[PDB]
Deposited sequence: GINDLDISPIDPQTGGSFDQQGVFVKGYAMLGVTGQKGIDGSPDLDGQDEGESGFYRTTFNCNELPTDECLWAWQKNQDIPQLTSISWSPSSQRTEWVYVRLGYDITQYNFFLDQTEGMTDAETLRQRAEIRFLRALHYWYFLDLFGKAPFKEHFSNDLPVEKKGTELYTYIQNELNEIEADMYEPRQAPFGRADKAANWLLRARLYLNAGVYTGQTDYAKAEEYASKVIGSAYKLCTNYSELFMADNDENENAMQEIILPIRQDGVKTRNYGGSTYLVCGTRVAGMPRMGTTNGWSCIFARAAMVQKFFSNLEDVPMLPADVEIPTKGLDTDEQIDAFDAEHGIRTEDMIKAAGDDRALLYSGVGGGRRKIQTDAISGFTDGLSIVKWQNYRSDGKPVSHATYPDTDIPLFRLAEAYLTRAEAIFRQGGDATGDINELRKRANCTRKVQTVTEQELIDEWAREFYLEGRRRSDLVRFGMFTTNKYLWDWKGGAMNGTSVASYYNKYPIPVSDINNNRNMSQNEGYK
């Protein structure tokens, strides 16, 4: 019958791997991480999908999707399915009072609350169901959904592990506080009423916990981030990932293999999909003047022989100051983990036509190499865990909250820039400085869109980036695009759901 341990483990496993699956989906495409990541990244200023022919990619890239959007449905169906599983577990263990089950239920309610946030943040409403049954989910709009989420988190806190006391991979009170802080920071968006004071309060609780910032930014996204204390100390909520276990159906697989192509030095994998690369605007977060970006001159030819090894590739790049470490030095920021070297071919910073992977610089933030230099478990699938929740979010969140209230946010911003060994310290905080910092600190971590919406820059002219709105130099779009549409399939199946404003 009911396998409490098995169902509990699946609850967390759903965050980082696929068994919710739909026709037209390749390996692991229904994934919770991939679907949510694409909805918050592909339409942003952080990256571009190289294969514009793939279905619905042009729509997501340009922010011009419709209710029939395949990717919108993929993430909608996944978020919903996951919740049905959390409701199943909670119903099957109702009434149990043993210590572990109390923690398990608290954590499951946490995961459910997290999924509703995604619904809230992405659709502004959600197909709501508290229990597992055949009854059609009822629609729960913004503010009501907001209050429900905040209440869930407030009530389970007591039964959750203390900060850094839960097995690595499970959520604790700090994960609860960080999420509430996120809800508060976006309260104005979801309710129409801001609550920056509360955002600061909880961000502070997190900062006050045992969690500390990793001293080496890159280590947070490496194969051993679940064994390297320096990294573990900052990862409040990691999605466990292991080469031989998760294999090709995980999230970090998408992050590492997806941003690489044969020829690049230290691929960390045998299969580079050459799918994800940065938009010119992303590069600009580290180089206000794109002319300062280390690049191979056009008049310099790329040898067709003598560049088959990492050793040969690094030397050629070094000769021309285009190794990623040179990129970091030119940027004066440890987070400028970009690659403009010759590995994989001549790169462009900006393009006037999305034709291929090389039309932009490569992003090497995610790596399948251990900081301790020891062997990883697999040659193709990465061991790198996805640090979904990081202490750094608390700092940027409180920084913005403080700024929004009219206070001095310089301290929290310089705390992250200092950790990143930035040569430039922020003297005064501004809206632009903040939103740019969110990009620098969390780019390619699946949250960009949400931040852009809050700053009122996602659909508007307040901020134009390359390829935004389908225009090469960037153009605005209808404001109703700040919320994805309700998949037309669910509109036809659940008479309780109503389409979001704007869509037809």
**Asked** Relative to the deposited sequence numbered from 1, which residue ranges are unmodelled?
**Response** 1-16, 36-42
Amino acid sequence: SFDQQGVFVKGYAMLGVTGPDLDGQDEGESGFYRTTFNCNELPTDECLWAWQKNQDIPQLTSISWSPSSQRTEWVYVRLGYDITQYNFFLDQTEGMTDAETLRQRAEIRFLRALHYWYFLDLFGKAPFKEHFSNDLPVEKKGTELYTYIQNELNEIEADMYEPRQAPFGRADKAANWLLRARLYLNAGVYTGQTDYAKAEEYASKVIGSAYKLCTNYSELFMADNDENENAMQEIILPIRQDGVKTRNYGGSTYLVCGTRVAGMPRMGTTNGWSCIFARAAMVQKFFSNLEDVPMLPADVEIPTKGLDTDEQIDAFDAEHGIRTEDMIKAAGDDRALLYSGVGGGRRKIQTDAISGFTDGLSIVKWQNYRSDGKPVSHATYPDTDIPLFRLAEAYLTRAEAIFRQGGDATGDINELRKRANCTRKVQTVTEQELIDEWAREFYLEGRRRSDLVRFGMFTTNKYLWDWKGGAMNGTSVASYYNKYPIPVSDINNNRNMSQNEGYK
From here on, numbers count along this sequence of modelled residues.
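The term rigid core refers to the maximal set of C-alpha atoms that superpose within 1.5 Å between the two forms.
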**Asked** Taking C-alpha RMS after core alignment, which stretch differs more from the shown form in 4 other deposited structures of this protein: 290-298, or 239-247?
**Response** 239-247
**Request:** Consider 154-162 and 92-100 separately and indicate which one has Cα atoms farther, on average, from the shown form in 4 other deposited structures of this protein after rigid core alignment.
**Result:** 92-100
**Request:** Establish whether the other compared PDB entries of this protein leave residue 22 unmodelled at least a third of the time.
**Result:** yes
**Complete:** Taking the deposited Cα B-factors and averaging over 436-444 and over 50-58, the higher mean is found in 50-58
**Complete:** Comparing 9-17 with 486-494, the higher average Cα temperature factor in the PDB entry belongs to 486-494
**Message:** I'd like to know which of 405, 377, 248, 269 has the highest C-alpha temperature factor in the PDB entry.
**Reply:** 405
**Prompt:** Quick one: which of 78, 365, 240, 129 has the biggest Cα B-factor according to the entry?
**Reply:** 129
**Message:** Ranking every modelled residue in this chain by its Cα temperature factor as given in the entry, which third contains residue 322?
**Reply:** middle
**Item:** residue 275 by Cα B-factor - lowest, middle or highest third of the modelled chain
**Value:** middle
**Item:** Ranked C-alpha temperature factor of residue 212 among modelled chain residues, by third
**Value:** middle
**Asked** Within this chain, which third does the Cα B-factor at residue 43 fall in: lowest, middle or highest?
**Response** lowest
**Prompt:** Ranked by Cα temperature factor within the chain, is residue 425 in the lowest third, the middle third or the highest third?
**Reply:** highest
